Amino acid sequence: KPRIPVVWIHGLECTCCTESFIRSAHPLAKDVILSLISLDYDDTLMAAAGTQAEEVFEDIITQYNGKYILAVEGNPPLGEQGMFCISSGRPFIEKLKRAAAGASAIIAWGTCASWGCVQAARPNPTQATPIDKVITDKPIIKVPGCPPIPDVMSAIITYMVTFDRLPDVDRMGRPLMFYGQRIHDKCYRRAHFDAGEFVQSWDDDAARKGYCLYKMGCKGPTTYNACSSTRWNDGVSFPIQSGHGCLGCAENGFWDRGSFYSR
């Protein structure tokens, strides 16, 4: 049977969302690409460059008008007439709008496309702007995190292909399945939090026993993500399990909510 067309574009970004995607353990990114979707455009992985790449882009969005999913990594800058991010000699934002116009739905990968992420942190030199502030007439699924969990990314994809619909979302457009609860609502150190058992300086006795990282600045209490349950890299770890507090990296504006090491 035909596989669902996906167009994956890139604005201002670090490429952490593409890298996360290819870490998928189940399904493997290999099998996603070969069997689950048609990844028809993707700057980081595709053979075609330059005019060949433009031809793929134009052909796909024309031929599958109204039928492709648009995945967006990174975000459009509004500064300098959009020429802080240039694609084919024009503002990235023009490519975003053209791609958005033909999509059935959009996936905003990561805190970049969802919220703004690091380039939108004070003082936001480029006027980096999240996708939903620019595209206002399309379903946008926000999949935040810097980056999101690999197996969350692949799970959302498999959900859309298997069930042939978008995940249900909270009021902010995040899939309930993985963003419905807080890190702190499923954190294996909560026993210590409840007991007032806290790491107070790095590598103290409390740290060597896996005590709670709240006094070290953990932002788990205000952060919605699946890290403390699903975990990272095939269930191997997550920030808190490896001894560092949650930064808040799935939440809007997390860079500017004060030092990572303060309350």
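Residue numbers run from 1 along the displayed sequence.
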| property | result |
| --- | --- |
| Residue range whose averaged C-alpha B-factor is higher in the record, 141-149 or 159-167 | 159-167 |
| Average Cα temperature factor in the PDB entry - higher stretch of 132-140, 184-192 | 132-140 |
| Highest-ranked of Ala103, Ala108, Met177, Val118 once sorted by CA temperature factor in the record | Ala103 |
| Record-listed C-alpha B factor of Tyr41: chain third | middle |
| Where the record places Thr223 (Cα B-factor, split into thirds across the chain) | lowest |
| Record-listed C-alpha B factor of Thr230: chain third | middle |
| Modelled-residue ranking by C-alpha temperature factor, third containing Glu73 | lowest |
| Ranked C-alpha temperature factor of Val236 among modelled chain residues, by third | lowest |
